[PDB]
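For the first sequence, my numbering assigns the number 404 to the initial residue and increments by one for each residue that follows.
This report concerns only the one structure given below.
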Amino acid sequence: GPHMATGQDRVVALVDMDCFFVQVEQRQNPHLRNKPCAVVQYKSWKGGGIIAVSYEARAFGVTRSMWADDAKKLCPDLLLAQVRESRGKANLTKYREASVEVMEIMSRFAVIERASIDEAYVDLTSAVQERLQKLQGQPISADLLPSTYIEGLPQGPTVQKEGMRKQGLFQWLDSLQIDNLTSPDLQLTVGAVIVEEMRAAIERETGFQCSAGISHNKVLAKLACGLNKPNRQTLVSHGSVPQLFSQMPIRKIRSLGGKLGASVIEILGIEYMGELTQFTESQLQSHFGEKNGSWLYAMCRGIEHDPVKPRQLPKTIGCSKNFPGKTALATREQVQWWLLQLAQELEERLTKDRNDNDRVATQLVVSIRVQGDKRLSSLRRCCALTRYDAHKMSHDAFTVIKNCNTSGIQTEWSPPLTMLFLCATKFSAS
DNA sequence: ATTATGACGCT
DNA sequence: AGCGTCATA
Ligand SMILES: [Ca+2]
Ligand SMILES: [Mn+2]
Ligand SMILES: [Mn+2]
């Protein structure tokens, strides 16, 4: 009862850009705006691989991982933008730089955790406390929440989407106890006000639209964000969790989309997150381990303590290329030439990183895949990274992998290489 | 023949 | 350390 922790201590948001690489290309090229369009890498093989899709194109059934030739079968008027190619490979610099634009704006409001190229978590607990003091017990107007959905509302005793949104928001605001500076629901609401401001700032200063989730932890914030996309934000309260989770497939929760999630389903014979509540903590720990079990026991009740880490910059800088089917590398000079290409992009990114962010990478990680291996990586070896020089890094990379060549002939490489990967790690301040 | 990443857990 | 899992454009 009174000692039951409810995991309502924090206000956490997740902000995720809408169709991000597509918006970067649509900003650049006005002809692509408000059209079915997608972003593709490479072109020779089946028109290239789709990696981002506008909402207009999704309506035709176009998805990520689809070959553009196949996407065109669903959407004959689909417009395409190509990922840049440099040194023989896809180069994602434009999208990394656009990401920095957004992350720098978000950082003005609070400490952020960069979680991908297009999303960051925000711990708004302190910002909310500050804003609550400014508000002075004054009610929150619906006008301050013009793109916010309250999950689970409206309920109880109009037919268009925006109408429904306002109905739910009204019920929510009508219920709010604004006299209590410590009410979690009030704190979430003020959190949502700030995120409206954050999202307006991102759109004003970059042109990019985004969605967001506001809740008491990262998992719920992420889940909330996806509930009303694009260009909207969703508040998931603690109270909304039982109904929300009662029909929520387990795989939809972050970290449960893979083998662990499948094992939760199979071992326990359940389908929905809410069904987890009927197991003891020890029962869950017995099946899924101490850490996972405790996490599941709290998470199915809407509770999670994973902090928003203060980290705005990626921890590693990597360059990778696949060589599928017949393009697999079978000669030493092939292997060496491509290691050099990767190393040259890596040097360029590392040198920029050092100037921008006052740090230096100290370890070089080299990974390859061999033809036949089911695994994405076959072998991973590290060596020292002492100088930002591509010729040295590629020579060093070759040295640490050259023993994988089973071929009796030095000139030939066997089995052929279907992937190369260079990653700079272990940064130190500089 | 999705590809190019990037964080974190296990032993 | 090297490998595996899970994640996003
Ligand atoms: Ca996104
Ligand atoms: Mn994302
Ligand atoms: Mn996505």
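The beta carbon of each residue, even a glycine, is placed where N, CA and C say it ideally should be.
Rounded to the nearest angstrom, what separates residue i and residue j at their Cα positions?
| i | j | result |
| --- | --- | --- |
| residue 642 | residue 588 | 9 Å |
| residue 528 | residue 484 | 40 Å |
| residue 606 | residue 718 | 27 Å |
| residue 567 | residue 561 | 7 Å |
| residue 712 | residue 746 | 30 Å |
| residue 465 | residue 482 | 12 Å |
| residue 792 | residue 495 | 21 Å |
| residue 565 | residue 595 | 18 Å |
| residue 700 | residue 813 | 56 Å |
| residue 537 | residue 457 | 40 Å |
| residue 832 | residue 676 | 43 Å |
| residue 410 | residue 702 | 10 Å |
| residue 488 | residue 734 | 23 Å |
| residue 533 | residue 655 | 34 Å |
| residue 659 | residue 653 | 7 Å |
| residue 716 | residue 498 | 14 Å |
| residue 816 | residue 600 | 56 Å |
| residue 826 | residue 422 | 27 Å |
| residue 573 | residue 758 | 50 Å |
| residue 623 | residue 407 | 19 Å |
| residue 520 | residue 501 | 9 Å |
| residue 801 | residue 777 | 23 Å |
| residue 771 | residue 795 | 18 Å |
| residue 470 | residue 455 | 12 Å |
| residue 696 | residue 663 | 11 Å |
| residue 756 | residue 829 | 13 Å |
| residue 480 | residue 557 | 39 Å |
| residue 686 | residue 760 | 46 Å |
| residue 467 | residue 680 | 35 Å |
| residue 807 | residue 461 | 44 Å |
Is any heavy atom in ligand 1 found nearer than 6 Å to the beta carbon of residue i?
| i | result |
| --- | --- |
| residue 423 | yes |
| residue 420 | yes |
| residue 521 | yes |
Hey, residue i and residue j: beta-carbon distance below 7 Å or not?
| i | j | result |
| --- | --- | --- |
| residue 744 | residue 490 | yes |
| residue 742 | residue 810 | no |
| residue 639 | residue 618 | yes |
| residue 576 | residue 545 | yes |
| residue 788 | residue 724 | no |
| residue 781 | residue 773 | yes |
| residue 804 | residue 752 | no |
| residue 442 | residue 428 | yes |
| residue 417 | residue 694 | no |
| residue 627 | residue 610 | no |
| residue 597 | residue 530 | yes |
| residue 486 | residue 444 | yes |
| residue 553 | residue 571 | yes |
| residue 414 | residue 650 | no |
| residue 749 | residue 722 | yes |
| residue 726 | residue 592 | no |
| residue 524 | residue 438 | no |
| residue 522 | residue 412 | no |
Any heavy atom of ligand 2 closer than 6 Å to the Cβ of residue i?
| i | result |
| --- | --- |
| residue 504 | no |
**OP:** Scan the segment 760 to 825 and note each continuous alpha helix (DSSP H) run of 4 residues or more that stays entirely inside, going in chain order.
**Re:** Correct list: 793 to 804.
**OP:** Would you be able to state if there are at least three C-beta pairs under 8 Å between the segment 713 to 730 and the segment 645 to 656?
**Re:** Per the Cβ contact rule, the segment 645 to 656 is not in contact with the segment 713 to 730 (fewer than 3 Cβ pairs under 8 Å).
Original post:
Is there contact between the segment 503 to 510 and the segment 471 to 486, where contact requires at least three CB pairs shorter than 8 Å?
Top reply: Verdict: no, contact absent.
Original post:
Where in the segment 598 to 670 do unbroken runs of the alpha helix (DSSP H), each at least 4 residues long, occur, reported from the N-terminal end onward?
Top reply: 621 to 628 and 644 to 649, all fully within the segment 598 to 670.
Original post:
What runs of the beta strand (DSSP E), each 3 residues or longer, lie entirely inside the segment 548 to 579?
Top reply: The DSSP assignment places 551 to 553 as complete runs of the beta strand (DSSP E) inside the segment 548 to 579, in order along the chain (cut-off: 3 residues).
Original post:
Are the segment 626 to 634 and the segment 439 to 451 in contact at 8 Å, needing three or more beta carbon pairs?
Top reply: Cβ pair count under 8 Å is below three, so no.
Subject >> Any alpha helix (DSSP H) of 4 or more consecutive residues that is wholly inside the segment 442 to 485 >> reply: DSSP runs (the alpha helix (DSSP H)) wholly in the segment 442 to 485: 458 to 461 and 471 to 477.
Original post:
Just checking, does the segment 766 to 785 make contact with the segment 705 to 715 on the three C-beta pairs under 8 Å criterion?
Top reply: A contact is defined here as three or more CB-CB pairs under 8 Å, and the segment 766 to 785 fails this definition with respect to the segment 705 to 715.
Original post:
Would you say the segment 658 to 668 touches the segment 578 to 585, given that touching needs at least three Cβ pairs under 8 Å?
Top reply: Counting Cβ pairs under 8 Å, fewer than three are found: no touch.
**OP:** For the segment 699 to 749, list the beta strand (DSSP E) runs that are entirely contained and at least 3 residues long, ordered along the chain.
**Re:** DSSP runs (the beta strand (DSSP E)) wholly in the segment 699 to 749: 720 to 725 and 732 to 734.
Original post:
Taking the runs of the alpha helix (DSSP H) that are 4 residues or longer, which of them lie wholly in the segment 507 to 556?
Top reply: Correct list: 528 to 538.
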